[PDB]
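Student: Below: one structure in structure tokens.
Derivation of every value follows stated rules applied to the coordinates shown; laboratory data play no part. Neighbour counts run over all protein chains shown; Cβ positions are idealised from the backbone, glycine included.
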Ligand SMILES: Nc1ncnc2c1ncn2[C@@H]1O[C@H](COP(=O)(O)OP(=O)(O)OP(=O)(O)O)[C@@H](O)[C@H]1O
Ligand SMILES: Nc1ncnc2c1ncn2[C@@H]1O[C@H](COP(=O)(O)OP(=O)(O)OP(=O)(O)O)[C@@H](O)[C@H]1O
Ligand SMILES: Nc1ncnc2c1ncn2[C@@H]1O[C@H](COP(=O)(O)OP(=O)(O)OP(=O)(O)O)[C@@H](O)[C@H]1O
Ligand SMILES: OC[C@H]1O[C@H](O[C@H]2[C@H](O)[C@@H](O)[C@@H](O)O[C@@H]2CO)[C@H](O)[C@@H](O)[C@@H]1O
Ligand SMILES: OC[C@H]1O[C@H](O[C@H]2[C@H](O)[C@@H](O)[C@@H](O)O[C@@H]2CO)[C@H](O)[C@@H](O)[C@@H]1O
Ligand SMILES: OC[C@H]1O[C@H](O[C@H]2[C@H](O)[C@@H](O)[C@@H](O)O[C@@H]2CO)[C@H](O)[C@@H](O)[C@@H]1O
Ligand SMILES: OC[C@H]1O[C@H](O[C@H]2[C@H](O)[C@@H](O)[C@@H](O)O[C@@H]2CO)[C@H](O)[C@@H](O)[C@@H]1O
Ligand SMILES: OC[C@H]1O[C@H](O[C@H]2[C@H](O)[C@@H](O)[C@@H](O)O[C@@H]2CO)[C@H](O)[C@@H](O)[C@@H]1O
Ligand SMILES: OC[C@H]1O[C@H](O[C@H]2[C@H](O)[C@@H](O)[C@@H](O)O[C@@H]2CO)[C@H](O)[C@@H](O)[C@@H]1O
Ligand SMILES: *[C@@H]1O[C@H](CO)[C@@H](O)[C@H](O)[C@H]1NC(C)=O
Ligand SMILES: *[C@@H]1O[C@H](CO)[C@@H](O)[C@H](O)[C@H]1NC(C)=O
Ligand SMILES: *[C@@H]1O[C@H](CO)[C@@H](O)[C@H](O)[C@H]1NC(C)=O
Ligand SMILES: *[C@@H]1O[C@H](CO)[C@@H](O)[C@H](O)[C@H]1NC(C)=O
Ligand SMILES: *[C@@H]1O[C@H](CO)[C@@H](O)[C@H](O)[C@H]1NC(C)=O
Ligand SMILES: *[C@@H]1O[C@H](CO)[C@@H](O)[C@H](O)[C@H]1NC(C)=O
Ligand SMILES: *[C@@H]1O[C@H](CO)[C@@H](O)[C@H](O)[C@H]1NC(C)=O
Ligand SMILES: *[C@@H]1O[C@H](CO)[C@@H](O)[C@H](O)[C@H]1NC(C)=O
Ligand SMILES: [Ca+2]
Ligand SMILES: [Ca+2]
Ligand SMILES: [Ca+2]
């Protein structure tokens, strides 16, 4: 039987419960309108799956170890991806060749060939088992491998000029949910600007050229100390864009931070370095290498975003949930009505028809 | 007191509101079955935390600068991860040595040693302060650094053979939520296939070997132009899997796009190039290097996914939300019934027991 | 008119339906406290958008090709990022020069110059078009390019010592929504610890030093085979932290996996290798190179996390959803009461005030 049910309903008309209920309903409606609808923008579809493309190029020349270093010297790796290192300090061990020689760390002091056993395996090469004089004052165990051993201990200068190097970032982003593409280079960017522009969060925040020194500052770091220990900075690019607004309002927000934080909270491992070697060999077959311990700033360009564009389906479901939520005030209004007019017995009786068996 | 409450209810039996309510219920149920259940597949749990692995290897040989280039010559970096560059064009500066020489861009034209001060510090090397004859017609400032300076400007040919190179991808994906692992190399991949296979959207869509020219075509690019300016292409690998279906129906979908989008939309920064150097030294200790300004196509293999497998809890909560939603027709049924039969007063009186105090 | 509506309600008092409904309500409340509140911890805000930075440094020395290899030889690339390779096996093709020579894979068998045409376009250098003796028994096609050609096929040893190398990880993580930073190096780590500590999932899970052999074991991989074939293992670092709990309880979880899973289930692509060359050139201008086909284990240090901390708004809306959901038992209690008490007619009559017209 095609029959429509609906509840029998009391309809109190107290001025008190009337105004207090209407106020609770106003609060529910205004909360839903201002927060869930305007602020949390539930009337639109969101895309968080952003597609990004980063190309980098470092520029500047510097003095180090009586050489002029350009980008090809101090940038590692070279292909201009979203992570690169600018080397600020180098510990060179020139012309290592495969052979025999003693370690240089005091960690390996010896007087007898018997002390040189399978105890201290890492580092350099493999122990020959002998104990040999490294200097007039010290004897250490002898090893086979790249000779001479590097000294990890005496401090070298840092490349101050690196502070005035420039990082050019070229970022392309695409929101597929809205098939919307844009990049951090606006069409009114000129060659002349590129030649002279200066990124600053306030003074010029759209300039693709970033002074290393500026970035180090924005992250609150002392170039002098960071360049000595090495470390990692993040240049974050955020694209939070409401596509319901104007196309030219989808704009890049740059942020600057140091990522290897644990390092400062550590006296044991204070920075970021790595070791690699330049490989040569003579007209004789013999090979030799230049070993560099490289200290520098790693830069991660970090691109995130999320975009919203209005759609009818989310709006519809949000308004339906809104209407279904206007009802929830009834329980509080029940409590007020049934316990705050002295004649509560009247209302409990009016509303509740007891039964028993 | 162990008491069960339930409201007093009108139970109208008008044929009109009866059938209109039953039809509204049929529509709510059919939306929930067709949309929320079949389409949006709400009966299963979804996992997007996919685990992926990309291993790459390039093949091909070409003529450039009267040499045969193999992969080790044109692929950078070499380790065959999900991002790599295939170099298509090169502007070379042979045998740079550390020294003194004049700059070569007209950007540094001078007549006086006084123009060459500490003002235009980046690029090439460091100004020595003199102004030097660069050619019989031109004077530019002298610098200390890698000499001679690179000439940026004469356009060089591209490596046409690069079009016919092959990119081999090896992708492993794993869904931890369902402990389901699979890769883009289907168990029916044979050696003979590998020897001749052919990625093609139609003819061989599971061939792990992709022609560069193909991929460039697929991104809607002209190899000539891309090989001239450089760029970044994305090879996307999708694992959209309905695990309720067959294990052998979990299949990879290849899709092709150019990620450095801003570049064609820009007159200032039109492609992708980078600079790196081959470091040598004479039998004498003397160092010399080959400076390469490298133009090429960047490929990043992009693996995303989501799989769903049925679970009981999503079905339970969706059916619970269904029943809690079946009522929602009542507000519309109320307005129609309670305001469109002229004798609406009957229903108001039967339903509404007014009160006053 | 500020008027409050509310439904009229039956109020059964049967002991039976009283306890059965009260039990259903107890079960809903206990589930909501135990599941949605204790387990799924809905009283707190979650952030998964963790920012992470990894720096690695590999250590150990080993014998390969009758040389001692240190980190600068076998780790690639060298900058100490979240992905690196420890090379375990090498197939070297020494002193290659650009020239003419026949191929060395049997894939290029020939007897006549007519077989070597533009027919088999890929691979090696360019076919010179002639057919030349490769061996006393076999003839292959001649190519222009780096000579002699590499033979991929003769089996070489592995660097057994690689098993005993050590990977040092330094991970910095940041939950930005709660602006909480920490690292995997706890402040009570000493130099002495670093010198001798030993990572173990149970005994010392905070030692940042992981023996490669251990990592290979933990991923359920056999060093000998992984080192022969090459492969990819994942080192995942998880930060599951309840900030409501103790601060020194935000702790990293190590997990070990092989990511290139497709490799073992496949007869086509069994490991991980790549090729690169050491570049030299004579005192004559002419270049010659050492070609290495490099086999090793790739390492991805994989950092995920999510933190939850109590907030009032999630607690409020969960308690609200709890109370609004407690009602749902009424439908089942209706069916039970109105059809399983013999006096169902009493309640049908009490509750339902029919209408007809
Ligand atoms: N770090 C940087 N500092 C200043 N300008 C830069 C930097 N990187 C790139 N540019 C400039 O931005 C413009 C576009 O960069 P791009 O490298 O794509 O062009 P290019 O002609 O290859 O550059 P270049 O010839 O200067 O190496 C160029 O004019 C270049 O001079
Ligand atoms: N793979 C490893 N195995 C054991 N200890 C290591 C390893 N890597 C680093 N350490 C220890 O932790 C310390 C911090 O390393 P970091 O690279 O930050 O600086 P470093 O002193 O130049 O390293 P090293 O002296 O090993 O070259 C190191 O000095 C070293 O003693
Ligand atoms: N870019 C490519 N084009 C064509 N074939 C490829 C390519 N990459 C790999 N292959 C083939 O796929 C197989 C899997 O590659 P894998 O590197 O695992 O083996 P491999 O022995 O090192 O290959 P090869 O030595 O022949 O390059 C190889 O036998 C190789 O022939
Ligand atoms: O998911 C958490 C929630 O946080 C933010 O909301 C804040 C709000 O910004 C503040 O004004 C504060 O007073 O109230 C909220 C605390 O929960 C975001 O605005 C919101 O989008 C985000 O979801
Ligand atoms: O592109 C025009 C655009 O108009 C509408 O945009 C509105 C939007 O609804 C509001 O949120 C506001 O912030 O911006 C506009 C009104 O000033 C719609 O987004 C859409 O129909 C259309 O694309
Ligand atoms: O809630 C957003 C919604 O977006 C998409 O829904 C599509 C639907 O799939 C199309 O068939 C179209 O006709 O209607 C909607 C308009 O976007 C997603 O399919 C879905 O996952 C998501 O719920
Ligand atoms: O193939 C065995 C498989 O059977 C079941 O899968 C069903 C699935 O649940 C249904 O949605 C239906 O549409 O397709 C499948 C039948 O092919 C279960 O998943 C399980 O028993 C098992 O995995
Ligand atoms: O169902 C997805 C679910 O997985 C986990 O929940 C578990 C729960 O932890 C166990 O106690 C079990 O008995 O019930 C569920 C079945 O897996 C996750 O904890 C949870 O986040 C997720 O929703
Ligand atoms: O200690 C400050 C911290 O207190 C709160 O954490 C509580 C938590 O809610 C309780 O469940 C209890 O078990 O642990 C803590 C009490 O010591 C909040 O997390 C937060 O307001 C505050 O930071
Ligand atoms: C940066 O350049 C300015 C002007 O060329 C100079 O005064 C300053 O010393 C430079 N910074 C460093 C760290 O050398
Ligand atoms: C280019 O136009 C945009 C659009 O509003 C504007 O923000 C910007 O200032 C313009 N470019 C420059 C260099 O001022
Ligand atoms: C190779 O010749 C050089 C001299 O140019 C010499 O230093 C080196 O010791 C020779 N190699 C061997 C193994 O003797
Ligand atoms: C690419 O290969 C096709 C056939 O495989 C050939 O016709 C074409 O000439 C090749 N392109 C180049 C630049 O060699
Ligand atoms: C391999 O299997 C896929 C589906 O799993 C099928 O489409 C394809 O035809 C198969 N290839 C061969 C050579 O049978
Ligand atoms: C690795 O070290 C262990 C114990 O220190 C030793 O037993 C084993 O022989 C070593 N293996 C190699 C290849 O050096
Ligand atoms: C350092 O503290 C952590 C946690 O507070 C603890 O697990 C570890 O045992 C401590 N270190 C030592 C050397 O005991
Ligand atoms: C360069 O010199 C080497 C020997 O030093 C010789 O083998 C080679 O053929 C020469 N080539 C040219 C082009 O001079
Ligand atoms: Ca040391
Ligand atoms: Ca230029
Ligand atoms: Ca081969």
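Student: GNM on chain C, C-alpha springs below 10 Å: top fluctuator among C:299, C:256, C:274?
Tutor: C:274
Student: Still on this structure, I have one more. Based only on other Cβ atoms within 10 Å, what is the fewest-to-most ordering of B:39, C:200?
Tutor: Lowest count first: B:39, C:200.
Student: Taking the simple approach of a point 7 Å from Cα along Cα-to-Cβ for both residue A:114 and residue A:204, what is their distance in nm?
Tutor: Result for the modelled spin labels: 7.3 nm.
Student: Among B:15, B:247, B:146, which one moves the most in a GNM of chain B with springs linking Cα atoms closer than 10 Å?
Tutor: B:15
Student: Something else now. Any chance you could list P(r) for the range C:206-286, counting all Cα-Cα pairs in 10 angstrom bins from zero, rounded to whole %?
Tutor: Histogram of Cα-Cα distances, whole percents per bin: 14, 31, 21, 17, 12, 3, 2, 0.
Student: Over the Cα atoms of the range C:283-357, what is the Rg over Rh ratio if Rh follows Kirkwood?
Tutor: Looking at the range C:283-357, the ratio lands at 1.71.
Student: Moving on. Average partner chain C-beta neighbours within 10 Å, per residue of B:223-236?
Tutor: 1
Student: Okay, moving on. What does the copy distance list look like for residue B:176, label position 7 Å along Cα→Cβ, in nm and ordered from shortest?
Tutor: For residue B:176, the other copies' label points sit at 2.2, 2.3 nm, shortest first.
Student: Here's something else I'd like to know. Any idea what the residue A:345 label distances to the other copies are, label 7 Å down the Cα→Cβ vector, nm, shortest first?
Tutor: 3.6, 3.6
Student: Moving to a separate point now. Quick one: which of B:3-12, C:53-62 comes out on top by average Cβ neighbours within 10 Å, and what's the full order, highest first?
Tutor: Sorting B:3-12, C:53-62 by mean packing, highest first, produces C:53-62, B:3-12.
Student: Rounding to the nearest 10 and keeping the result within 0 to 90°, find how far the Cα-based axis of helix A:15-31 lies from the longest principal axis of chain A.
Tutor: Helix A:15-31 and the main axis of chain A meet at about 30 degrees.
Student: Where does helix A:312-326 land angle-wise versus the long Cα axis of chain A, in degrees 0 to 90, nearest 10?
Tutor: Roughly 60 degrees between the two axes.
Student: Compute the FRET efficiency between residue C:31 and residue B:341 as 1/(1 + (r/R0)^6), taking r as their Cβ-Cβ distance and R0 = 60 Å, and round to the nearest 0.05.
Tutor: E(calc), rounded to 0.05, equals 0.85.
Student: Please provide three numbers in whole Å: the alpha-carbon extents of the range A:205-357 along the principal axes, with the largest listed first.
Tutor: Between the extreme Cα coordinates on each principal axis of the range A:205-357 lie 110, 45, 35 Å.
Student: A further question follows. Over all directions, average the projected area of the Cα convex hull of chain C and note it in nm².
Tutor: Projected over every direction and averaged, the Cα hull of chain C covers 39.3 nm².
Student: Still on this model: Copy-to-copy spacing for residue B:331, label 7 Å out on the Cα-to-C-beta vector, in nm, shortest first?
Tutor: The answer, with the shortest distance listed first, is 1.8, 1.9 nm.
Student: What is the distance, in nm, between label points placed 7 Å from the Cα along the Cα-to-Cβ direction at residue C:136 and at residue C:248?
Tutor: About 7.6 nm separates the two model spin labels.
Student: Also, quick follow-up: How crowded by other chains is A:52-60, given as the mean number of beta carbons from other chains within 10 Å of each beta carbon?
Tutor: Across A:52-60, the average partner-chain Cβ count within 10 Å equals 5.
Student: Continuing with the same structure: Hey, rough spin-label estimate for residue A:186 and residue A:320, points 7 angstrom out along Cα→Cβ, what's it come to in nanometres?
Tutor: Reported label-point gap for residue A:186 and residue A:320 is 4.2 nm.
Student: Sort A:332, B:121 by Cβ crowding within 10 Å, fewest neighbours at the top.
Tutor: Fewest-to-most Cβ neighbours within 10 Å comes out as A:332, B:121.
Student: Set the Förster radius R0 to 41 Å, insert the Cβ-Cβ distance between residue C:225 and residue C:23 as r into 1/(1 + (r/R0)^6), and round the FRET efficiency to 0.05.
Tutor: Efficiency for this residue pair is about 0.10.
Student: Order these peptides, B:29-35, C:147-153, by their mean beta-carbon neighbour count within 10 angstrom, highest first.
Tutor: Put in order of decreasing packing, that is C:147-153, B:29-35.
Student: Would you tell me the mean number of C-beta atoms belonging to other protein chains that fall within 10 Å of each C-beta in B:166-175, as a whole number?
Tutor: Shielding by partners across B:166-175 averages 3.
Student: Compute the normalised compactness of the range B:95-135: alpha-carbon radius of gyration over 2.2 N^0.38 Å, N being the residue count.
Tutor: Normalised Rg, Cα atoms only: 1.12.
Student: Then there is this: Defining a contact as two alpha carbons under 8 Å apart and six or more residues distant in sequence, what relative contact order in percent does chain B show?
Tutor: The normalised contact order for chain B reaches 22 percent.
Student: Across the protein assembly as shown, what fraction of all alpha-carbon pairs, as a whole percent, falls in each successive 10 Å bin from zero upward?
Tutor: 2, 8, 15, 19, 17, 13, 9, 7, 5, 4, 1, 0
Student: Can I ask one more? Based on the mean of other beta carbon atoms within 10 Å per residue, what is the order of B:98-107, B:188-197, C:347-356, C:68-77, most packed first?
Tutor: My ranking of the peptides, most packed first, is C:68-77, B:98-107, C:347-356, B:188-197.
Student: Report the residues of the range B:66-99 in range of a label on residue A:194: point 7 Å along Cα→C-beta, backbone N strictly under 18 Å from it.
Tutor: Residues B:91 fall inside that zone.
Student: For helix A:329-339, what angle does its Cα long axis make with the longest principal axis of chain A, in degrees from 0 to 90 and rounded to 10?
Tutor: Taking Cα atoms only, the helix is inclined about 50 degrees.
Student: What's the exposure ranking of B:304, C:280, going from fewest to most Cβ atoms within 10 Å?
Tutor: B:304, C:280
Student: Next up: Can you pull a Stokes-Einstein diffusion coefficient for the range B:113-201 at 4 °C (1.567 mPa s), Rh from Kirkwood over Cα pairs, as a whole number of µm²/s?
Tutor: In µm²/s, the coefficient rounds to 66.
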